[PDB]
Amino acid sequence: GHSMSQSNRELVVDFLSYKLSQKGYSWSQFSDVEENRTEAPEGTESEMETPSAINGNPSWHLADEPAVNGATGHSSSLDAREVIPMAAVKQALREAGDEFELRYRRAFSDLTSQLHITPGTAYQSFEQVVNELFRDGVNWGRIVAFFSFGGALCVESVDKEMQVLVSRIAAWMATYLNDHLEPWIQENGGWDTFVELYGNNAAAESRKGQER
């Protein structure tokens, strides 16, 4: 709870909704909130019945097939006018985040049963499987593999009826940064520097003057 704990949490749900647009997932369950109230305490354990279930999804192949983009400018929505690394990193993590997982589409199959997302201790098992490819997460464009890793299990939410795991999979992904994963991030200037580094498409306009 410093100053980037809740600011770096909104940008995680931004690219998440852009990737669930091609899949066909309804984000109305996250806005209403009915799985984190009186549905299941700490998490549901009636979802995991067999390991031969969470490893296949009929909506895990929609990215490069339905009109693929070769990065022409995703930061054309203009969201860096709000200032602060929260709403400004919305399009910054879209031209390098949504586009990143749009090229190779989805190479994840048995990834749902690899980390296992069902109980409340699914966070510790998630940090072990993602750490295998997080050995080179020192660059601003290499840390994107961490966000796209926890954004591929959002399709198995409506398939296994576990809408409680999709509302917390993007929550612990943002808290992990504020925990101890912010060495070179806080050294430069949070995630605000990432907006003027990768997504400089909206920064090349030099704004206009909506303040004065």
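The chain as shown is numbered from 1 upward.
Quick reminder: no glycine exception, Cβ is built from N, Cα and C everywhere.
The feature expression tag is assigned by the PDB entry to 1-3.
Positions annotated as phosphoserine by Swiss-Prot: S52. The Cβ neighbour count for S52 (phosphoserine), using a 10 Å radius and every protein chain shown, is 8.
DSSP states for the motif 'BH3' (89-103), grouped as helix (H, G, I), strand (E, B) and coil, give 4 helix, 0 strand, 11 coil. Per Swiss-Prot, motif 'BH3' is recorded for 89-103.
What Swiss-Prot lists as motif 'BH2' is 183-198.
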